[PDB]
Every structure is written in structure tokens, then in C-alpha cells.
Number of protein chains: 4
Amino acid sequence: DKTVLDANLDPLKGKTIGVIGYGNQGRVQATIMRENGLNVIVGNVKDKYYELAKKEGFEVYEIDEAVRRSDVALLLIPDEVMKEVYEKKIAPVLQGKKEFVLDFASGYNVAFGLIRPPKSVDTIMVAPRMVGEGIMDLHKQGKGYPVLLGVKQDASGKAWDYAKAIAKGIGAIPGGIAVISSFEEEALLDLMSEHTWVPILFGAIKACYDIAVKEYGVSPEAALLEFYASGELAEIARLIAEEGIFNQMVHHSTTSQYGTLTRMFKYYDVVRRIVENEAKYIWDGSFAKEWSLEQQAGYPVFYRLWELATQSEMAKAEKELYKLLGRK
Amino acid sequence: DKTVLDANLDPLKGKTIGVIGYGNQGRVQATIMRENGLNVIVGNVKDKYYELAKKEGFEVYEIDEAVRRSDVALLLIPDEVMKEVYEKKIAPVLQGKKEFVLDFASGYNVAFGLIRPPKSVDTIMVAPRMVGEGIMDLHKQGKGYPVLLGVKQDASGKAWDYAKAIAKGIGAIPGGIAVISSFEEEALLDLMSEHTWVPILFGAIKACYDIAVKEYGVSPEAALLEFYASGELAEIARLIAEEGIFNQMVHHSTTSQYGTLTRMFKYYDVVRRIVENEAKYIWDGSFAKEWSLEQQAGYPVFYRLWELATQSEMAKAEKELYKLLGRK
Amino acid sequence: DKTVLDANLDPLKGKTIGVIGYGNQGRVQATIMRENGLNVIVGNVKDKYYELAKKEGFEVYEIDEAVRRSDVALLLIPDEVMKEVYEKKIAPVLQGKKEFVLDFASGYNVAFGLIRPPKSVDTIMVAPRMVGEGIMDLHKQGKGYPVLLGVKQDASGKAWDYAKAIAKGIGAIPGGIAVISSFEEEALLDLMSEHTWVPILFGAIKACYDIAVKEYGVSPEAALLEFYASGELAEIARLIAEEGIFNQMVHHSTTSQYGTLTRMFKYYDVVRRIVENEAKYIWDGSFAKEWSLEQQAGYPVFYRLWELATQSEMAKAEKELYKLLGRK
Amino acid sequence: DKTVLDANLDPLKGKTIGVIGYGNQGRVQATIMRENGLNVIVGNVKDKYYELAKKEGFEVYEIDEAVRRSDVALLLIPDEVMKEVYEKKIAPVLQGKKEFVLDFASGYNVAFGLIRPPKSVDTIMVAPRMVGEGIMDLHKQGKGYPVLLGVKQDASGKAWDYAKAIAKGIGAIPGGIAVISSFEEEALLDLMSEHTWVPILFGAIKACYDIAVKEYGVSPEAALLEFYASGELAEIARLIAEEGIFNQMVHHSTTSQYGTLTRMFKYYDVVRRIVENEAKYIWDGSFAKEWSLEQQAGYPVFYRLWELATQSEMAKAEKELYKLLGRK
Ligand SMILES: [Mg+2]
Ligand SMILES: [Mg+2]
Ligand SMILES: [Mg+2]
Ligand SMILES: [Mg+2]
Ligand SMILES: [Mg+2]
Ligand SMILES: [Mg+2]
Ligand SMILES: [Mg+2]
Ligand SMILES: [Mg+2]
């Protein structure tokens, strides 16, 4: 298979590594690889995070100054402001560099060409598949966790080895796994979830509520308990994560099993259509354009939709209810 | 008719002419009108082209400094960066001008309002219909060549005479012809080709290849020889340029003639529909918006499509083949 | 792969070869294989071509008399009159033959069953992919060129070896290549081009002209210069043949690239449909019937369409223009 | 206008004229131009018509022998067997001719390319618009009648003058008129009537009968009297020919006028569609192919449809009725 379970750690030994950004991923991975025996500096703009970063024992300079001292840089910052940070501060210093390894956690800005590093650089990806908080919950146990790897540009014949070395340094392998993939195959996946089954789920729940209340005379206080105000969803999700998606359904009643299976096979093509459309929209580079242009215009649609959703009937009722259950 | 075969050359005699840009068109036309007895300066930003330009005997200043010394300016630079060059460097000096003639080779930026010169200026067009390289191949022979002319703004009652004078200076007439037209009628035409029959041709060839290989069991090495890897296309194009489009078909077999004619009349309306749609899209100013916005967003779609086309099956096979024929 | 680069020449040495027909292919290949050390006779009906053929040093008899002296025959005559020539003159003599190799340049009449030679014969194909004139332009340079090969009927266990021997004799390999294929895979390809992208191209150009003139007020003298009366087409075709189809587009402006790519991917399915339909029409044997029946009826449709095309508006305008440019 | 009322008669004086065929048109026109002072020979194959032809005082030879003695030939024979008569007998002699005028009454075989005379010949048309019988009914009165004229090929600069001379010789002008037109504009018209309004009329009558009998309980003996077994139709046709198409309706009742006008404007587009389709079918040369192929196959469809029509219910009833009225 394409699965890597463990690999060597030598190429990073002797070099210095700069961790750009000290958010969730930055903090965690920085700490872990400081623990695995590697000299690390941190680069950040001076605010709260800078205080905490220098508190935890890391020597900190400005971003560009950190890029100069480093043979490897990890850009662990949001994808929404990385472009400007790169053009302003990193790209010049980088033109003033020799043999550089550039690692990312997301492939959005590179897959779609918004960041185009030079040829003297090894361009790689090491993408976790976690919230970021739970990686420490799993690290103290000595457990690994999964990651995706990719190489966009190789000028050293060793980029894959550097990728695996990083994968080990961050503490994902051994114990977890590491899949080799592309920048594209990562952005595509990350976006497909956000565009296909999450919103469909939310809309279906909303529609169930609306229909039940406005057509069958149900009370708002009752529909919410059944549809999402109860913790049935998280339970089912846990059983999925642990026992398996279909095997999870054994613990339910046969009536439920039958209805679920029948209707799953009944409405399958309908959603496959949607998924096809959205995946095609992404692969072509259209959504990136949409999103960049909305940023430039001032986020009007974003604003209006946030207002509509929060000022909906279901949300008002949920507010009253949570106010009543005591849940904050 | 509207066709002009030769005209006077006096209005440009006594004046100075500045040639902004020294690319293909710039170099050629600059040289020609230096040869036809006119004092010429060149304006360019300092790089390789500046070296060659001063080498060939032209006195060169910066752009703005050239606009100051000139009563006429020819903006022979790409349409993709002319807007900024105009707003930064030319428009101020031009506000500090008196009686100025402004000539373009393309009407894209003026037809759609991206460049709006003042009223003290004569705004004209002189548009060649060549690659640019072959104009010298035709000049040494004393041959002319065709051009289009247009006037957008007249403040001197002599703009057409200036246009014809330029047409002669560049060496298009006499021997060739000069059609009088609009900025709009030039942009429209230039874009219609790029949007209607070129891409349709390419897609049809691609589809022929795909179908033949994936449905009738043909080898990739064979389909390419028939469809485009042979030089039949260029031959047919030459016969079209010389003998005529339909008369060209005499040299082929009657079987070919019959099939071609029948299927040409069969599928005519289908493509007429497409051409209508695209021409309407252009006339309204929508494509200009599309293209400007893609520039502002960072060329994501451009990037992705360039990748898809080059990483297609046909392209890989063509690479192997050309590698085999010895053709580079 | 299936590609053959060079092979032996022995099986043809000791045998005699008759070249039926002395047109373009006949003349060229006859001369070449006379030069490569093979005894050759020529068979033709007595007219101008017979004079030239006996002039160039070939001994000539009537067709049947040439088939009698020959162990191999090359039928290099039009596909439109080969059927009668075969039934009248060749098939009888051939019934009076022993061990015969029959080679064709086109597979139309054999693929569709219009010519069905007996079992005592080796039926083969050697199909050039050139105009015929340029093969000499490439021969004096020692350059090869590509061909397709096929075997329809083998009664000697050596038909493929004979095919490769012929391929070498005609001077295609070495230096070029030789693909092994079928009679069907040759007729199909030759006809698909004549039915799919050539007529689509012509109709699209015609539609562009008609629309521009009758809906946007453009002059006829101007549309023609842009669409086909200029030599841009042949240039693009040459760059395709040499540099590659997509790589060719680097030399153009980014505006052109963007529009072309977008519209190519936009209108792809539309033409794929057409190509599917026409390829299916061919594979089934329907077009052969259509064409044979039109021959029998007297070419009325052919006639009328030739009239309509030549008496069209675009053609009249093109006549006036070419009359004006000086181009004949 | 394009209308010719009378013209000169000199070019035919001194020449000899051969009238190929002695049917209706042949007999009539031959006689008339013998009366107008012109030497005439007749060419026909030897049967009944030959007897009558030599009876009426014309010297008769075989076809080819008549073409040899003649400077002008009129091919007044059916369009269904003219092709073979031309290829066998006329075309050879004609290759052995010098300065020849070839006249036709119909343009079917020339418009669609089934007969292609050489360049040494003046190819003309003189097309009557009569049954042929009534031309004598109009000649004794000194009345002219209308004809159409056309020129397909001119090699003498006098073809139109020859056409008008013929028009006068046949006795159409003066008194009638002569319109100048094309071979195409004659075949098109002659066929459009046979394909559009004649069959539509017949089918509408048939449908009226069928509906009335099988859905409203009318007797067959009654429907026929109303729809066509009475002479109302011929009366209306005469009033049309004489008074005018719309003015004809004054003699009818206002109820009839109102219904007719309303329904005429109501169903106009429906039939315009049909007429468009059929005219396009003709202009392209498709019907000629259809008809030629049915001839070659043996007239199966013709046969079957003749059977179906005659063995229909309406026809049986009409037979009984006519048997009853005494009308034969
Ligand atoms: Mg995400
Ligand atoms: Mg995700
Ligand atoms: Mg362009
Ligand atoms: Mg162009
Ligand atoms: Mg062909
Ligand atoms: Mg071909
Ligand atoms: Mg008729
Ligand atoms: Mg009629």
C-alpha cells in the first residue's frame, strides 16, 4: 500500500527549524518537536500569542528574522491571511536563501496558485487530521495519529525524506500512519465535506423542524429535543468512529435499521448528483475565485446569511429552550 | 468602397513621434518609420529591450520623458498592463499637454472604457493583422499589408488624415490596404476568433482522439498522426489563404468533398447558436469584467485549466510520440 | 509498444513488383523503391501519365499484363474507380494466380467489403500519412515518415514481414515509424476528420462572418482579414505540428489563452456528441451506402451544394478581396 | 420590370431547327413555328407518333440524324427518360458539333446536374405554363400566352436573344408575356405545387369524408356530393383564374366569407412550416435523389400507394356513385 508507518529522523538533525505562527497547530507541534530533540525557534507578530510563546521557553524573533536563521519553516497560520504575510515578509528573505524546505498544513493556497515559491525550495505538505486540541490528549499516551503528505516541488531529491522526518518530529508516527498524497487531494477533500454533507445535514434538520411545526401542529419545544437538542447525534458519531459506520446500526431497533437502509438506497443518486457538481466546481478553481472576490467586496453575503440563520425561528426557539434546560 | 489604398504623408512631417514600447510591433514599426524619413524617439522601461533599442540607433528616455517631447505617441505594449502604465506615467504628462495624437494597436481598453483620455487629444487606432515577424518578411519586398483604422475622439478635424499618415509611415500602404472601422469592430473581431472557432476546433480534435481510443480500440500512436501530428492542417490553411476557402477543396478527393459539404451544412445552425451567444457576451462588456476579476483574484482558473490540459491523456501520448519522431 | 522502427528487406528480393497506377503516390513510391534496389514494372491505362511513366525509365504494360508478371501488386489509384478496375481487369488474372501479395494504401473498399479477394492471396495495407508531394521533400534528406500497416487475410504466415519489407522499400522507415493497425482503424480515422472537425471549423468561420456582418454592422472587407483571409491559421497549424497543440499557446497573449481554454472546456460535450454520432454512422457501413448511391444517382446533391457554397455571400466578398490584394 | 412583351425574330432566320419529340408540346410548337415561317425537321423514335408526325407534313429522321442537320434542338420529351436518350444518341453527335443552341421545356435534369452539356453550347430554357392542349385553343385567336425563360450557359453572347426568338416562334409572345428566370426557379416552382397544396387539398377532402362518415353518421352518398362529386370546385377555380383569388369570394354568402377568412388566418403558420420544409428539401437536391433511387429499385412504394389509394373506402363509394349518376 501507500501507507507509511515509521521512517527515519536524521535529515532534521543538525538543521534549525522555524515555526511560523503560534496558534493551535503551532503551539502543539512546536512543543512536540522540542520534546523529540530538535532546536526550534518561533516566529510571530507581537501580541498575546507572543507572550505565551516566549513564556513556554521558545526564543522568538520577528517572522523574517526567523526565516533567516532557519533551514526549514512551518507556516502554521490561517489560510485567509497567509498570502499577504508571504508576499510582504517571507518571499523577499526567501529570495535571499539557498537550500530551503517549506512545509504547509493546508494546500489551498498552493494548489490554486495563490502562493508560488521559487525553484530553489522544496515545497512539501504535512497535514494533520485533528482538531488540534486532542493531539495532546493522544500524545501523552504515546499514541500517534494520521497525517497526509505531499510534495509540490523537489529541488533536492530528498523532499519525501524530509516530509517523513517532519511527520515523525510532530509525533504523528509511529503509532499512527502517514498517507502520501497531493496538495490537490487535500484541499479537495477538506472542501468537499464543508460543501456536501455538513450543509445538507443542517438543512435537513431545519426542514424537519419547519415541516413538523408548520404542517403537523407540533410544539417547538418538542421537535428540538428529537432532532438535535438531545445528545443522540454525538453518540451515533462516536459509535461510527469506533465500531464502524454500518456495524454501528446493530445497537438500534430493526424498525430503524429497515427504514434507514431503504431510504438510504432510495435517495442515493439525488445526493451523488450534488456531490459531483460541487467537486467539479472545486477542482476547476472556481470556489477560490468566489471566496477571494467576496473577501475583496467586504463580506456582504457572509454578513446577511449569518443574520438570516441566527434570526430564524428554529434559532429563537433553541435559545428559549437552552435558556430553560440550564445549558448555557 | 471603404477601402483606402494610399494617402498623403505630410501631417507627420515636422512633428516628433514617440514609440512607447519596444516589443515586436514596437521594434518593427519604429524601424520602418525611421526608414521612411521621420524623427523617432523610443520610450521604455530599462531592461533587455532597452539595451537592444538603444543598440539599433534609437535615442531612448523614460516613458514620461518621451511623452513630453512627442506630438504623437504609439502605445505598443500588452493590453494586460497598459492601464497601470497609463494611469501612473502617461495621464499626468498628458494633462500637461496641448495638441496630442494618441494611437493604439488594439481597442480593447478603449472600447470598454478602461482608458478614457481627455478631450484635448485625438484618439485613433491603427491595427495590423499580422504576427509581427512576417511584416519584415513582407517589407523588404516592398509589399504592403492590411490594417484597420478607427477614430474614437476628434478634437482637430484631422484625425483621419493622421491615421492614414501613420498607416503609410508604418509601411502597410501602399501595396496593402487600410480599412476604416471602429475600436469596437476590432476588439469584437479579435475576441470572436479566440472564443468561437479556435476552441471548437481544439475540442473537436480532442474528442476525436478520445472516442477513437476509448471506444474503437485504436492505438494512441495512430490517432495523433491522422488528427494533428501530421502537417496536413498547415497545408490546408495555406491553400485557404492563397486559393480560397472553398476552391481549396478541389485538390482533395470527391469522397472528402461530399462528406465535408454535407456535414458542413448539417451542423451549421448548431455553431451559429454558439457564435451568437459569445458575440453577445462580448458586445455587452461582460467578458472584460470576467477577465479583470480573474486577474484580481490571482488566476486560479487559468492555473487549474493549464494543468488539466497538459496532464491530459492526449498530451502525454503526444509527448511520447514527439520524443520518438525526433521532433523537439 | 506497437511501433516498428526498422525491419528486414529480404522477402522482396528475388521477386518482381508491379505498381498499378502512376499518380502521386504511384510515381513517388515507384521511384523510391526503384532507387532502393528492386525490379519494378508499372501498369496504367494509356494517357498523359503513361507518357511520363515510360519517360522516367519504367517499362510499362497494360494493367492485366502487369499483374501477370508480378508477385506483388500495389493498387495506387482512386478509391472511387478501383472497384470496376478490379472486377474487370485484376480479378480474372488473379484467379489465374498462385501466391500473390496484394497491397493497398486505403482500406475503404476492403473494410466495407466492396473488394473481396480470394484466399490464395495475402491482403495487406501500407498507408502513408502525407500529401504525397512532401514525401520527396523528406526523402532527399534521408528522412523517413510515418505509415500504418494492416493485414486482412494471411495465407502465407509471412504477411506482416511482407508489410514491413514494403514499408522499408517505400522509404518510410527507417527514420520514421510504422504503426500496426487494421483496415478498419484506417478508414475510420481518415473519414472521421473529413466529417467532424474540418466541416465544423468551416461552418464556424462562415457563421462568424455572417453574424458580424448582418448583426453588428461590420464591413465584409474587414471580417475576412481577421477570420481566414490572413495567414494566422497556417502559422498556428505549424506551431501545433512542431511545438505541440497546447504548448503552442504560450506565444499568444494571456487574454487569448484564458478565453480559449475556458470556451474549449465549456463547449466540449457538445462536439463530443457529434463525433460519437458520426463515428457510429461510419463503423456501421452506412456512409459507404450513402456515397455509393449518390454516385449511382448522378451526384445531384454534390452538385447543388457546390453551387450553394460558391454562390454564397462570403465567397463573393472573398473573390472581390483576393482580386484586390493581388493574390490570384 | 423583368417582363418581356415582344422581341425580334431574326436570329432563327437562316438556321435550321430540329424538334426532338412529337408528343403534346412537340406537336403544338412544331406546327406553330412551321406556320411562323421557319424550316423545321422532327426527330423521333419510330412508332405511332412517327406516323402522325410524317403525316402532318414534317420530314423525319432518327434523333441523331436530326441533331446533325440542326443548329438548334428542342428536347420536348419526358424528363424521366431524357437522360438516357441524351447520353446514348445526342451527346456524341453534340461532341461532333460547333455552335449549338440547346433548349429545354423543363429545368429538372439541368438544374440538378443530371445533364451537363459542354461549353461549345448555348443552354437555354423556354417553359410554357399550359396543359398543351389549350395552347391551340388560344393560338387560333391570335392570343399569346406566358412562358419562362432562362440561360444556364452562354458561349455566344446572344443566348438571351435566341431565347426571345424562340419565345416568339412558339407563338407565346406577342399577346402574352415572357418572364426571365433560372432553371432552378422553374424546377422549384413546378415541384412546390406538386408537394405542398395539391396533396394537402386531397388529404383534407379525404379526412372530411372519413370524419363525417365514421364519427357523425353521414351517408357516403351524401358526403361526396358536397366535398368533390359536385362541380363547385371547378367553378371556384375559374372565378379565381378570371376575377382574382380574394375578389372571387364576393359571389358567396357572408357566412362563408367570414368562416373562410377567419380559418385561413388561423391555420396559416401551420402550412407555412410545411412549405418551408418541402422547399428546403427540393433546393438541396434531395428529392431528385429519392426519385432516381425509387426508379432504380423498381417503383415498389409507388405501386403500393397507388393500390392503397384506389382500394380506399372513399374511392369504392365514388365508384358506386359515378356508376349511379351515369357519369362514366
Ligand atoms: Mg477546512
Ligand atoms: Mg475537514
Ligand atoms: Mg487577440
Ligand atoms: Mg486574431
Ligand atoms: Mg481521405
Ligand atoms: Mg486524412
Ligand atoms: Mg411538373
Ligand atoms: Mg405545375
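Each chain gets a letter, A, B and so on, in the order the sequences are listed, and its residues count up from 1.
Between A/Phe302 and A/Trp291, the ring planes are tilted. Angles from 30° to 60° get that label. The aromatic rings of A/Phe104 and A/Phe183 sit perpendicular, their planes meeting at an angle over 60°, well past the 30° parallel limit.
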Q) How far apart are the C-alpha atoms of B/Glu290 and C/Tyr258, what are their side-chain angles, what is the distance that settles it, and do they pass the side chain to side chain donor-acceptor pair (under 3.5 Å) test? A) CA-CA 10 Å; B/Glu290 191 190 332; C/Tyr258 172 75; 2.6 Å; yes
Q | Working for side chain to side chain donor-acceptor pair (under 3.5 Å), residues B/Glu80 and C/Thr255 | A | CA-CA 8 Å; B/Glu80 293 82 7; C/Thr255 317; 2.6 Å; yes
**Q.** C/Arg272/C/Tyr268 under side chain to side chain donor-acceptor pair (under 3.5 Å): CA gap, chis, key distance, verdict
**A.** CA-CA 6 Å; C/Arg272 176 173 186 120; C/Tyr268 170 79; 2.8 Å; yes
Q) Taking it one step at a time, do B/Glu320 and B/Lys323 satisfy salt bridge (charged side-chain N to carboxylate O under 4.0 Å, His left out)? A) CA-CA 5 Å; B/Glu320 298 294 341; B/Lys323 179 196 296 167; 3.1 Å; yes
(Q) Run the ring pair (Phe, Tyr, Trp, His ring centres under 6.0 Å) test on A/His195 and A/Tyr281 for me, step by step, so that the C-alpha distance in whole Å, both residues' side-chain angles and the decisive distance to 0.1 Å come before the verdict. (A) CA-CA 10 Å; A/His195 293 82; A/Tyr281 202 68; 8.5 Å; no
Q) Could you walk me through whether A/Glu56 and A/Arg27 pass the salt bridge (charged side-chain N to carboxylate O under 4.0 Å, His left out) check? A) CA-CA 9 Å; A/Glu56 284 183 10; A/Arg27 175 158 172 241; 2.9 Å; yes
Q. Would A/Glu276 and A/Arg273 count as a salt bridge (charged side-chain N to carboxylate O under 4.0 Å, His left out) if you check the C-alpha gap in whole Å, the side-chain angles of each, and the deciding distance to 0.1 Å?
A. CA-CA 5 Å; A/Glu276 278 164 10; A/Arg273 213 174 282 281; over 6 Å; no
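Using a 4.5 Å heavy-atom cutoff, the side chains of A/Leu74 and A/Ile20 are not in contact. Within the 4.5 Å cutoff, no side-chain heavy atoms of B/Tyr209 are placed close to those of B/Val218. Residues A/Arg34 and A/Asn39 have side chains not in contact (no heavy-atom distance under 4.5 Å, counting atoms from C-beta outward). Counting only heavy atoms from C-beta outward, the side chains of A/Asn277 and A/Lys280 never approach each other to under 4.5 Å. Residues A/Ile166 and A/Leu12 form a side-chain contact, since some pair of their non-hydrogen atoms from C-beta on lies under 4.5 Å apart. With a 4.5 Å cut-off on side-chain heavy atoms, A/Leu75 and A/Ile90 count as touching. By the 4.5 Å heavy-atom criterion applied to side chains, A/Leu188 and A/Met192 are counted as neighbours. For the pair A/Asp284 and B/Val301, the minimum side-chain heavy-atom distance is 4.5 Å or more.
Under 3.5 Å, the side chains of A/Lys15 and A/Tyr162 contain a donor-acceptor pair of N or O atoms. At a cut-off of 3.5 Å, with distance as the only test, no side-chain donor of A/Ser181 or A/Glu186 sits close to an acceptor on the other residue. Under the 3.5 Å distance criterion, with hydrogens and angles disregarded, no donor-acceptor pair is assigned to the side chains of C/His252 and B/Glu194. Checked by atom type, the side-chain pair A/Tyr61/A/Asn44 shows no donor-acceptor distance below 3.5 Å. Looking at A/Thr16 and A/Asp71, their side chains never bring a donor and an acceptor atom within 3.5 Å of each other. Side chain to side chain, B/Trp306 and C/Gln257 meet the donor-acceptor criterion of an N or O pair below 3.5 Å.
A 6.0 Å sphere centred on NZ of A/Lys97 holds more than 12 heavy atoms belonging to other residues, nucleotides or ligands. Applying the 6.0 Å contact sphere to NZ of B/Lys319 captures no more than 12 heavy atoms from other residues, nucleotides or ligands. The local environment of CZ in C/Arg263 is crowded, with over 12 non-hydrogen atoms from other residues, nucleotides or ligands closer than 6.0 Å. Counting heavy atoms of neighbouring residues, nucleotides and ligands inside a 6.0 Å radius, atom CD of A/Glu242 does not exceed 12 of them. Counting non-hydrogen atoms of other residues, nucleotides and ligands closer than 6.0 Å to NZ of B/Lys46 gives a total above 12. B/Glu313 CD: 12 or fewer foreign heavy atoms inside a 6.0 Å radius. The number of heavy atoms from other shown groups lying within 6.0 Å of NZ (B/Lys289) does not exceed 12.
The minimum heavy-atom distance linking C/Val179 with B/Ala222 is given by the pair CG1-CB, 4.2 Å. Smallest separation of non-hydrogen atoms from B/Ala297 and A/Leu114: O-CD2, 3.9 Å. Residues A/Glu62 and A/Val45 come closest through the heavy atom pair OE2-CA, 3.9 Å. When all heavy atoms of A/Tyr22 and A/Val42 are compared, the closest pair comes out as CD1-CG1, 4.2 Å. For the pair A/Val40 and A/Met33, the tightest heavy-atom approach, listed with the atom from each and the gap, is CG2-CG, 4.0 Å. The shortest heavy-atom contact between A/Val147 and A/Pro128 is CG1-CA, 3.9 Å.
Here A/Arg68 contributes atom CZ and A/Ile63 contributes atom CD1; the two are 11.5 Å apart, rounded to the nearest 0.5 Å. Atoms CG and CD1, on A/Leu9 and A/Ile173 in that order, are 9.5 Å from each other to the nearest 0.5 Å. Here the straight-line distance linking atom CD of C/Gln248 with atom CG of C/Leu239 works out to 5.5 Å at 0.5 Å rounding. Separating the OG atom in A/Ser70 from the CG atom in A/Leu102 is a distance of 11.0 Å, to the nearest 0.5 Å. Considering CE of A/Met130 and CG of A/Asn24, their distance stands at 14.0 Å, rounded to 0.5 Å. Here the CE-CG distance, from A/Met125 to A/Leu148, works out to 7.5 Å after rounding to the nearest 0.5 Å.
Using modelled atom types, one side-chain atom of A/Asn109 and one backbone atom of A/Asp79 make a donor-acceptor pair closer than 3.5 Å. At distances below 3.5 Å, at least one donor-acceptor pair connects side-chain atoms of B/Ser312 with backbone N or O atoms of B/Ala309.
Residues A/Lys83 and A/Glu87 are not paired through a salt bridge, judged by the lack of any N-O separation under 4.0 Å between the basic side chain and the carboxylate. With respect to A/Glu84 and A/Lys89, no salt bridge is recorded, no charged nitrogen being found less than 4.0 Å from a carboxylate O. Note on B/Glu307 versus B/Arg304: no salt bridge recorded, every NZ/NE/NH1/NH2 to OD/OE distance being 4.0 Å or above.
Take A/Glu51 and apply the side-chain hydrogen bond (donor to acceptor under 3.5 Å, both in side chains) test, not counting sequence neighbours, and it matches no residue. B/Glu294 pairs by the side-chain hydrogen bond (donor to acceptor under 3.5 Å, both in side chains) definition with nothing, not counting sequence neighbours.
Here the options are A/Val72, A/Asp154, A/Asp103, the test is side-chain contact (heavy atoms from CB on, under 4.5 Å), and the partner is A/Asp122; only A/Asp154 passes.
In this structure, A/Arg129 fails the cation-pi test against A/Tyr145, since its NZ or CZ atom is not both closer than 6.0 Å to the six-membered ring centre and inside 45 degrees of the ring normal. No cation-pi contact links B/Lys328 to B/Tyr322, judged by a cut-off of 6.0 Å to the six-membered ring centre and 45° from its axis.
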